[PDB]
Each structure stands twice: as C-alpha cells, then as structure tokens.
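Considered here are two forms of the same protein chain, supplied as structure tokens in two stand-alone entries, structure 1 and structure 2.
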Structure 1
C-alpha cells in the first residue's frame, strides 16, 4: 500500500530551511573576514579556521554519524542537526566582545558538528518521504537549499555588518544583530523540527521504500564497503577530481574577501554580491544539468567538458581580478561559478554508475569527505600564497590543481548515458 502524505512538503521545507541556515553560518565570517580580523584582534588565519572547522569536523564524524542514521533513524538525526545548529548560534551571540574569539570558535565548532547530520540527509529524506517520480526533484531541492544558504551567507553579512572599524561600539551592535537574527531563525527551525519532523510516513511512498521496510538492513559493515570502494580505480579517480573541484570552491569562498579587498578597498558589499553571483549562477547550472547530458552523451563526457570549462573560468578569473574593474569580476565570477559549483551535483550523479551495488551513503560520505580534505589543503595553501605573494599566486595554485583534475577525469573508464 503506497500513499503520499502532505507532510513531505513540510519535512522537505523544514530541512531545506535549517540546512540553509547551517550553510549561512559557515561563510558568515569569511565574507567579512577583514571586519572580524580587526574586531577580534586576530590574524586572517584565525578567521579562515572559522570556515575550515566545518571541513575538519566532517571527515572523522561522517561515518559514525552515518551509522547513527541507519540505526536510530531519520528523526534523531534531524533533531541533532537542527538542534546543534541552533545551539551553536546561541554561543556565537555570547562572543560579541573583542576578547572572546574562542567563544565564537566554540560556537562555530558546534555548527560544524551539526553539518555532519545535514550534508548527506537530502538523499535519505527524498527516498523516505517522496514517491518515485518526485525523488530526484526532492533530493535536488534539499541539496540546493545548502547552496542557497551559502549565497545568502555571501550577501547579508556585508550589508548587516559594515566595516565601521573606527567605532567599535556600533561594530559590536551590528554583529549582535546578525548573530541574534541567525539564532532566532535557527531556534525557530529547531522548534518546528521537534513538532513536524517525523520518522517515516504512515505508508511507504514508493514500492522500493515498501520493500526496504520489509527488509531491515540491520548492520552494513562500512569498513567492508569503504575498502571495497578503494579498489574501484574509476571511483578513486572520481574521488580525487570531485574533491579538487569542490575544494577549490570552498577555498575561493573562504578567501573571496581577501582577494577582492586586496585591489578594491572598501568593497565588502560588492565582494558579497560577487560570491552570491558565483553561487547563484552555479545553482542555475545544476538545474540546467540533465539537459546537458543529452541522449547521446554520457556522464563521463559531461564531466570532462564541465571540468575543462571550469578550469578555463578559473584562469579567466585569475587574470581579470587585477584589471581594477569590479564589473568584470561579476561576469567572471558568474562564469566560474556556473561551472565550478554546477559540477557539484554532476560529480554525485557520476558516482552512481561507477558505484552501483555499494550503498549511496558510503559513496556520498566519501565524496563529501574528499571535498572537505581538499578544501582544507587548498584554503591553507592558497591562503598562505595570497598572504605572501598576492591573490594571483593563490589563484594560479588552484588552476594547476584544476588542470590535474582534468587529466584524472579523462582517465576514468565509465560510459553510461542519462
């Protein structure tokens, strides 16, 4: 007996809203990094770690959290993710004093742990609550909610918190409004989850879901699955290429304020708009994807073309940032974002034919973890190069790693159409 309950929209809306808030808090410091660097009296490296703790916490916690989801259930993961997102936000509101950077780092740490319960959720929520014809749309909608949070996180902080470095009293007042506004919204979404989020529908939405309930998986042996995946040569290549592409996006997002403010001083508002253009353009590219994969093309071909076009965009972005024209940075950011962040759902869909029998949870956990590892390596390396030699040295570093990703992409032997 398959039935569709009106609660699926409520569940999807609630998750996509507090998944939006989680991605908002990840980047809310980096887009105004020069504001927090002077307010907290720390170096730029301290602020970049407010964005890197999201990546660092994901790698060692993803698989224990995945085990929790498969054993306890969907509701507990939703409560923990939205609950920790709210709890971390309230800690940040208590750190609006100049000598309380470690308090906002502690609050950022709690938000980072919340993401482990959020980033892989869209696939589970879509399958559990939506029918066969709506699974892809529901999963894509929840995933895009995380990207929308990053786009909002680029735009709002430059508007909410102007760089009034000379008057620190108003600087603390503006930061309180952002932190209090975030925690108020995070608390509201936590309360809604505790009321409306449910373990499962009264009836299975899809025939596959009905069989899944009739076949309790019990254990899964992640260690067996993770070691069966590292013997798949195309998947190992896909793990590296996906991490490089997403890691470059993470590093560019973290250091976007540093590059723009190097040339265009006092351009925090436009820097926030540039990041919004990058993320929004790639959101459209994700929606347009699928139309890219025509009935003659394969996932491997589409991945190779997008990877090449993303690398070209990175080169064009690298050598146009020094031209002292903020307008072309908007155009180059949109072109770069259209391919760099529009690749994110493409890499996940390519890991379906490569990894057919093994559960999507392990492959998703590995692909996401690879992005976190590369994002840390890229942010640390590009940040070091930018702080010593300028934005061009850091941006050139990403292009070389993007070229390596092209070579590894072409070496994958896997042909299967849409």
Structure 2
C-alpha cells in the first residue's frame, strides 16, 4: 500500500494532550484544597473524597461501551464527546460558587468523570492511527505524560489560586469563581480546537500496519468473550490485581495528601501542593527511565518485582517520616515514593499487553484501568476513614500492607 505522514497528526496529538490535561486538572483541584471547600460548603471531607472518586466510579462501568463506540463510530466522535463533556462540566462548575450549591459542583464533576472514560483510552489509538512506526511509542508516551502533567498542574495551582481565607466568604467565592471561569474558558477553547482540527483519520496511513488495518474490512469483536478469555490467564489476573493495588494506592495518596499534611502541618496548603507536584514530576521521570530501561533489558518480571519492592520501601519511609515535623523530609519522601509508584504503572501496563499478546490489547487496557479505579475507590474510602478516626499513620500502614501483598502477588507471577 501507500503510506505517508501529514503534519496535522502533531496538532491532532497536541490538542488531545491539552484537553486530556485540563480534565486531569479538574480531577484533583478539589482534593488538594479539600479543607477550603469543606469550610466553604459546610460539608465533610467525605464529600471531597467522593468528588475525587466519582472519576473512578464513572469509569468503571462505562469503559467497555466507550471502547465499542470508539471502535464503531471512530476517533472523531470520541474526541468530540470528551471535549464537549469536559467543557460542559467546567461550565456547570462555574455556576457552583454558592455555599448552598454543592450539588452543582457534584454534577460538573460527574460530567468530567464521564468525559474521562472517552479521554483515557484515546492515546494508543491516536498514536497508531496518526503516527508512523518510529513515533507511535513516542506519541503514546507523550500523551500519558500530558495526562500526568495535567495531574501535576491540578496539584500545584489550586493551593495558590484559592487561599484559605475562611474569615471572608466573599474573597473565597471570588477566587473559586475565577478558577472555575479560567478552567471553563480553557476547556471551551480546547473543545473549539478539537471540533475544528480533529480529523477522523489522515489521508494516507502513517505506517504499513495502519494501511493493512484500513484495507482489511472491519470485523466485529466480542468484548465479553475477550474478557472471559483474559480472566482464564492466572498470570494476567495476578498482574491485574497488582496494577490495581498500585494505582489505587497512588489515587488514595493523591486524594488524601491535603488531609495528611494538614493533620501535622497547619496552614501549609501551598506546601502540600508543592509536595504533590514534586511527587508527580518524579513519577514522570521514573516512568520514562523505567520504560527505557525495560526496553533495553528485555526483562519483564525482575524489573517489576524490584520496582514494587522499592515502592513499598518508599511508602514505608514516607509513613514513618511524615510525622517528624520537617517539610523537607515530606518533600523528599513524597518525591521518591511517587517516582517509584508512578514509574511502576507503565511497566505493569506493558507487561500486561505483552503477556496477553494473543488477546486484544484494548480489552486488557480497559480491564487494567477498571481494576485500578475499583482499587482506588476502596483504598481512598478505607484510608480516609482511618485518617479521620485514627490519623494518617493507620491508613498509611494499611496501604503498606496492601503494597506488601502486591509484592507477594507479583512474585507469584510467572512468565
């Protein structure tokens, strides 16, 4: 066949990497300053925990219908739906600047959650469709890095944008409205860019594989059968459990970092945001380094076990060092912990893709993400309860025990 590369692909990626960013910024914006919103709305921290967890709750059941819609309708419809849903959720958030309108913020968060189901699975498909064989890996990696950067921006900005001025309600409302207006304007702009430039497919397949895929007639795939076949493979089940445990621990830590820091350090929301940003940035660095190191080594189990062990060590040291009352210690421990845990995720995802090579990669990715969402919900609930009742240390020890169980499971994996 005939294959060629078009410049538009870059734009198609860039816009995505932008509107996948904003969604991430909206996932944690409430959690990082959860105390401020708790004071403003007169609600409990469980409300902010649910604001964080609605992403997982919505993603869990809608992953497979979204995959079917993407496979049948195409990429353009999925991108349009994601961008429009994100923009609409932000606009709904704009109308939630009243102390008695928490439900409006909840509705906006639900809309962003529904957008996430379309947003999350895009990277691999966009990279395959629009980029060549020597750039597909780079395109997917930079898309995931854009999502991670959005998470980091959500960690960093809100603490500074909205100071905890509980004394005056007008100033807090003004700051919240300003943040919501900025986010909604950015989301609407990115939706306009997606509607204008996000083409369904390039004129020529970027690579021979994409040309063959286009030439080959579409064939229906039974997602239920694929899931049933995948569940048979015990090693895949173990890898799924371990990846879910790791991702859920990361999500719970991200959600409850504000509470953990506020328990010991008072009036340090900006420092908490900086700690989260350092954690996520070190996570990206570790992800890149681990990906390249895995590509060079060709070993999929020893690296996974070592990374899991180091992540558990980081979690334990963070737990036993957070109470020392030194912010530098918290910065360092969070940085190393995030490095290890966030670098684990790409390794586990690639291992799952490789081990299940006969099976469809999309179904495996969807199952991995669903397990991560469920584990994150459970871990966030348990750790929040423990922190509220017994303090951060109890929930941190619970997470450490879960990480040790994950190490055991990873050791039991065979391949």
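Only residues modelled in both forms are compared. Residue numbers count along the first chain shown, from 1. The term rigid core refers to the maximal set of C-alpha atoms that superpose within 1.5 Å between the two forms.
Engineer: If you fit the rigid core and then compare C-alpha positions between structure 1 and structure 2, only one of 292, 220, 263, 180 moves by 2 Å or more. Name it.
Structural biologist: So the only displaced C-alpha belongs to 292.
Engineer: On a rigid core superposition, how far has the CA of residue 353 moved between structure 1 and structure 2, in Å, if you could check?
Structural biologist: Superposing on the rigid core gives a C-alpha shift of 2.1 Å for residue 353.
Engineer: Give the C-alpha shift of residue 344 between structure 1 and structure 2, in Å, after superposing the two forms on their rigid core.
Structural biologist: Superposing on the rigid core gives a C-alpha shift of 1.5 Å for residue 344.
Engineer: Name, in sequence order, the runs of three or more consecutive residues whose C-alphas all shift 2 Å or more between structure 1 and structure 2, counting only residues present in both forms and superposing on the rigid core.
Structural biologist: Shifted segments: 216-218, 290-297.
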